[PDB]
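Hydrogens, waters and symmetry mates are skipped; everything else that's a heavy atom, side chains included, is used. Residue numbers start at 1 and run along the sequence shown. One-based numbering, in listed order, for ligands and for the atoms of each.
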Amino acid sequence: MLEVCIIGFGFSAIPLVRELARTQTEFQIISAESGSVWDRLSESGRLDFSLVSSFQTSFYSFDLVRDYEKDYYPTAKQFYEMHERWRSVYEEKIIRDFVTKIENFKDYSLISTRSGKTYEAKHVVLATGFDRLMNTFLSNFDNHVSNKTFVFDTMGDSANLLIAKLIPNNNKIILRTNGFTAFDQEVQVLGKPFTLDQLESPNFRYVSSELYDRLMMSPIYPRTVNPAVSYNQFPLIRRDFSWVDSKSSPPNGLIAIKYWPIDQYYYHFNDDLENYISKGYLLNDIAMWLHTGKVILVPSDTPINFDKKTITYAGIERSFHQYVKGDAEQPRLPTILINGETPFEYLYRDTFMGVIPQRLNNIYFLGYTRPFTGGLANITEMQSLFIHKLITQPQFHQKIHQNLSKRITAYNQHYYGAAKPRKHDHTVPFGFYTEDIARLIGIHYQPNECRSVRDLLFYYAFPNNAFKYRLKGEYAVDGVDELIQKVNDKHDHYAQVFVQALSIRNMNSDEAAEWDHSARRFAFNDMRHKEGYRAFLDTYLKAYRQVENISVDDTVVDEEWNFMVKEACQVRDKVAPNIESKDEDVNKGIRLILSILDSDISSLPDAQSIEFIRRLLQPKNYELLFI
Ligand SMILES: Cc1cc2nc3c(=O)[nH]c(=O)nc-3n(C[C@H](O)[C@H](O)[C@H](O)COP(=O)(O)OP(=O)(O)OC[C@H]3O[C@@H](n4cnc5c(N)ncnc54)[C@H](O)[C@@H]3O)c2cc1C
Ligand SMILES: N[C@@H](Cc1c[nH]c2ccccc12)C(=O)O
Ligand SMILES: N[C@@H](Cc1c[nH]c2ccccc12)C(=O)O
């Protein structure tokens, strides 16, 4: 009887296959000939973009220990090459075929295939990814489209990449959305670049719900009156958040765009522009786009008839070339037959940690939990460890499964509360999930085991990347020691972010919000840092048209558009004129912490930072019931 069958092999299954090989557990892989979207994109030569997530969050620990020198954003080419490299290692263990049906019994499943071969396995893992409407626009994108108008009903990373590729051919873009949360992918902290996933310090949730919420929620909720922030200059960017019924912030179910702010784009790529664009580093600054009117926001019920293909905003009847519906992603699940008769219904919320379904035996889901920020790698590595331990250690299997039904109800209570299931339930803060899985496995850190102030920085401020949990214990990876050292030395041990929590502990929601924005450049959607880069933008667009061999006439003026922009940017052209502390508070906080770094916490004497730093040994909201 085959012990483990893995269905689908692309990116998600890679670390589970590694653990099964390591323990010499018996496994076969079934994966389709056709491959993934990355195989589509490679074939048609469209691996010409970059990830919206950092190296440290996007490649697995066993690759990072060998290949990390600095923080950067990998290209689509680099991500693919890394899938392919791992595919080559395991190809001989992969049966090329398509699973059409799984019949699940008490201690085995019967797997049926397109070819007609059947397989019996005790443990089955699905790692099949998602179908995405948007993949076709992307995989079959026509660059000859010039001077046309596009309407998008949804803003996601996929829409944002399409927009990046359209604007250089002077294609005009209308968003007819109920708003969107967007973040600068890279940010300046007193002159050093941090990826947004380095500043989330998630373990501070354990000190209190209320404190973590102040740290994180101001750039997402409309909590500041500061007229520099995109969501005051362009209020139609704001979303309905009435659905949220959870004290856990940022809530599960919140999706965001990650984009290159033009300033950071400038700092990295200005000196070799054509070369960078051709590797896949594309300017996708949605906030620059609103500021320059190259995109505009129109309310979600604006007038448009799909028959004549027109949208009507002001008194211009605007001919549009295409409507883009909205990226829906549903798991590529085969038919699963409960007891071999009753079709299993997939619902993220009715699985434990996105992995363990109810009513099925020895079936696990790998790759169907989405990170709010950072790459999938953080989520799939910890899932691979979770599933590996469940499969190879019957003790662990029993413990989790014993009260699985209550675990799921406790989890849904904590993270979703009473809110109706939503299509984005599968979206979790990465540094919550990695840590949740760490505590179920038992490869977590105990805060009470922190000795020095250094140790408190590691526990609270050092990101909860999967590799953070592979330094020691059951799933230790060699090299992580060195890796953590390099990351610490390049990021001043994450003191800056640790000092953030200190600065806002005594503040309230409103105070915290305005402090977050009292910087010269606040982290996210600072509209003071756009106008300066209008000339670089024109140089960028020129450089893009050179790499993509495009000719377009800028001497040709679409008048119709300019008038539409004026109406969109009204609140902006009124609120932006009223422009003209965090910087100083971090400055002196970092100096204080970089001095008492090796100081014993218990030793610390009875300003009030001190008392709070000592209570970090006994956080009062450590309780997670679903564990
Ligand atoms: C355009 C795009 C950009 C992305 N950018 C990023 C990024 O910047 N950062 C990041 O972290 N993540 C990113 N992702 C998400 C993630 O990294 C990819 O979705 C990744 O391909 C998911 O890996 P997977 O292994 O779960 O699925 P896939 O890579 O799709 O692999 C699943 C495999 O299973 C096969 N298969 C499916 N059904 C069956 C079946 N019934 N039987 C047999 N074989 C089957 C498929 O053919 C495929 O070969 C991006 C995704 C897309 C689409
Ligand atoms: N705590 C940091 C970073 C941060 C806030 N909200 C975020 C959301 C996503 C990623 C990072 C963040 C800040 O206040 O600026
Ligand atoms: N393009 C897909 C998947 C995706 C893009 N970037 C990601 C980063 C992490 C995880 C998944 C993704 C979507 O947003 O629908």
Side-chain angles (χ1 to χ4, degrees), residues 6-14 29-41 46 49-54 57-59 73-74 76 79-80 83 87 94-102 111 113-114 126-135 138-139 156-161 181 183-185 187 189 194-201 204 212 214-220 249-250 254-258 327-329 331-335 366-380 427 429-431 496-497 500-501 504 512 515-517 519 522-524 582:
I6 298 188
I7 307 167
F9 188 89
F11 171 65
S12 295
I14 292 184
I29 305 162
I30 312 184
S31 208
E33 181 57 20
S34 71
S36 64
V37 54
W38 306 100
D39 290 313
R40 299 291 67 73
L41 291 172
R46 307 171 180 268
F49 63 92
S50 54
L51 304 187
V52 301
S53 55
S54 59
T57 64
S58 295
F59 282 56
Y73 281 82
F79 197 49
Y80 182 56
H83 302 352
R87 196 198 38 71
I94 306 177
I95 300 169
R96 294 293 171 186
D97 201 357
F98 188 78
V99 166
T100 50
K101 188 182 62 190
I102 306 172
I111 294 154
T113 62
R114 190 135 81 209
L126 279 311
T128 52
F130 291 88
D131 279 315
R132 280 154 183 133
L133 312 188
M134 283 284 294
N135 282 357
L138 191 31
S139 82
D157 290 291
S158 198
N160 198 50
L161 176 64
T181 314
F183 303 116
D184 308 36
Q185 69 188 238
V187 150
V189 160
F194 286 58
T195 69
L196 79 174
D197 53 274
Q198 282 173 307
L199 314 170
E200 301 188 19
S201 65
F204 276 121
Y212 192 67
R214 295 202 283 279
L215 226 56
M216 289 304 277
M217 297 325 293
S218 108
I220 313 169
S249 252
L254 225 173
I255 54 165
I257 313 318
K258 281 79 55 177
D327 37 316
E329 55 173 15
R332 279 203 204 84
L333 288 189
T335 305
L366 179 51
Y368 303 108
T369 300
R370 252 176 71 88
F372 176 48
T373 66
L376 187 56
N378 271 343
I379 304 302
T380 49
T427 308
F430 88 82
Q496 337 76 19
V497 356
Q500 182 152 41
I504 75 145
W515 188 83
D516 282 345
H517 295 261
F522 46 76
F524 302 126
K582 162 154 166 178

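For the pair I102/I7, a side-chain contact is recorded, criterion being any heavy-atom separation below 4.5 Å from C-beta on.
Using a 4.0 angstrom heavy-atom cutoff, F130 does not count as in contact with ligand 1. Contact analysis leaves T113 out of contact with ligand 1, as no non-hydrogen atom separation drops below 4.0 angstrom. Residue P371 places a heavy atom less than 4.0 Å from ligand 3.
Shortest contact from atom 7 (C) of ligand 2 to any protein heavy atom: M216 CE, 3.3 Å. In terms of protein heavy-atom proximity, atom 28 (P) of ligand 1 is closest to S36 CB, 4.1 Å. Considering only non-hydrogen protein atoms, atom 50 (C) of ligand 1 sits nearest to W38 CZ2, 3.7 Å. Considering only non-hydrogen protein atoms, atom 10 (C) of ligand 2 sits nearest to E200 OE2, 3.1 Å. The protein non-hydrogen atom at the shortest distance from atom 11 (C) of ligand 2 is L196 O, 3.2 Å. Closest protein heavy atom to atom 2 (C) of ligand 3: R132 NE, 3.5 Å. Remark: minimum distance from atom 15 (O) of ligand 3 to any protein heavy atom is reached at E329 OE1, 3.4 Å. For atom 44 (N) of ligand 1, the closest heavy atom belonging to the protein is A32 N, 3.0 Å. The protein heavy atom nearest to atom 3 (C) of ligand 2 is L199 O, 3.3 Å. If you check which protein heavy atom lies closest to atom 9 (N) of ligand 1, you get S53 OG, 2.8 Å.
Taking each heavy atom of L366 and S12 in turn, the nearest pair found is CD2-O, 3.5 Å.
Contact annotation: for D97 versus ligand 1, heavy atoms closer than 4.0 Å belong to the backbone alone. By the criterion of a heavy-atom distance under 4.0 Å, the side chain of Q500, and not its backbone, is placed next to ligand 2. Contacts between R132 and ligand 1 below 4.0 angstrom, taking non-hydrogen atoms only, involve the side chain exclusively.
Looking at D197 and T57, their side chains never bring a donor and an acceptor atom within 3.5 Å of each other.
Close N/O approach between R370 and ligand 3 is found [any backbone or side-chain N/O within under 3.5 Å]. At under 3.5 Å, not a single nitrogen or oxygen of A523, backbone or side chain, sits near a nitrogen or oxygen of ligand 2.
Near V52, the atoms of ligand 3 lying under 4.0 angstrom from a non-hydrogen atom of the residue are 6 (N). Atom numbering of ligand 1 starts at 1 in the shown order; those under 4.0 Å from a heavy atom of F79 are 17 (O).
When the heavy atoms of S158, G35, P371 are ranked by distance to atom 49 (O) of ligand 1, first place goes to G35.
Note: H83 and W38 have perpendicular aromatic rings, judged against thresholds of 30 and 60 degrees for the angle between ring planes.
Atom 13 (C) of ligand 1 lies below 4.0 Å from none of the non-hydrogen atoms of the protein.
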